[PDB]
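Taking the form deposited in one PDB entry, here's one chain by itself in structure tokens.
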């Protein structure tokens, strides 16, 4: 609370003020232990700063360093602000201006615009952008989707190298492994027999541990995608389990299910399910929908697999989720049917956090560059005091700024492997997200589950998607559409909500936009992918992404500042209320002297129906090009409860049915 106007002030005392001078320092840096020149700013950005020192220097408002809260600034200090010899060299304002120049380069007016908006907290860029923008090999991308190159030792080891090379320069991996022959399958070259996915997973697991994002930075982070017909699927879903059989676990990796609809139909019908090695039943992962169902059903009748009860796999899935939070669940058919990248081929995975849905092949590794809008920044006390409104015009404007930022990032990015460069330059996807939906609903006096909250949510996502496609259409008018625009749904006038067979809310003129996209193209294949903001929401001091709060009281004790405000205002905030928060996980339901309106506004995620979560997720999904990282939260978790959650999500047409399952 006070710690901000203390710990920040101490940083000011221990850091140089003048931006161009912190830049000189970073640039002229020499690694003392080896005597090697180790510039922390690229030649390009250094020269830009030198040729514009007065302007950039004078544009910076250091007062804005106090926009950051205690843990927010401590997050920046620990991992974001550049360091010289373990001592922090940058102030937050300097980080921001460095990022702004790293994205925009010689376009100083665009950089100044981005500096102001970010320092004023209208939006931020994902962690690797904050870390690396304007440094010598700026790897600003967060996401890589990697295709297992071939069912062969050569292809497995080439993929492993690729993952190592990507993991070296920060970034999470989603890796699909559907094509790897399962246990017991014949090996012709040596007349041997395969031990299947696990011993292969363990190699990748060790690589994730080894290659810690650049040398003592962060352990490698890989999600693995598998379709539930793969014969190794029972051991795959348990890769994170805590209990014995150590040689069969891979605890540093995350399992994710790439679920076809057929699996869900067989589960609800109480039918059979057939497990195949991909060698016995080829092509299953390279088709989807009815075409998949026809092929699967044929392979099944031809006796090419091993049949079991579907609900046997289901119960095992549900068990692993209860225990480990994993595996994730992403619906293959929804992803494929409702993707603007469908003209590229069949999409075979999502990513580490289940928000990216992009096409990947042995020669093309999908990449994404992310940023999130701070939704609370667009609340304005109305033209009379007392009432608060939402500035949708400003949000539209900011999302357009951010779209343009993320395009610049594509072009200014350093790619770890050639497969990433090829993919990104061809299709140019981007990922806009949000943070502080919860804060926004609170500030505006809208309970998460209210009809008003439901409407705001819809109109916020409509405007972000509309803004991003409008900006992307603008860029295509200047620079041409992305290489692979023609043949795409968008080229035919088919936008995300159309693929859900829905009319848009209509806060914006979609027909003019469609006419414009059909005529001129768009510069980006995809624009929307709301992400966890697990670090960046911490920096800006908002609740992560689009989830309700998990607790009105975290840990240093910190109480929901909107709730705190209310309590003192009602003359009820005392010691007796603080006690009923430290033990009560931070809940205010049932509490003696508390207005009903506060109980409705400050429900914990554990007190909101997951049916409401799914509904609002399905609502916003119609304006998400890609997917979003939907955690599900269950207090008293049972199979029938879990089951209804998955099936409700599935029948809503969600792409990401579940990220983590959070429990207790």
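Shifts are known only where both forms have a C-alpha. Residue numbers count along the first chain shown, from 1. The term rigid core refers to the most C-alpha atoms you can superpose between the two forms while keeping them within 1.5 Å.
The protein also exists as the form deposited in another entry; that form is not presented, and the subsequent description refers to it.
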### Task
Please find the residue from 422, 394, 515, 217 showing a Cα shift of 2 angstroms or more between the shown form and the other one, rigid core superposed.
217
### Query
Any idea whether residue 127 and residue 216 get closer or farther by CA distance in the other form, knowing it moves 3 angstroms or more?
closer
### Message
Once both forms are aligned on the rigid core, what are the runs of 3 or more consecutive residues with C-alpha shifts of 2 Å or more between the shown form and the other one?
### Response
189-191, 214-219
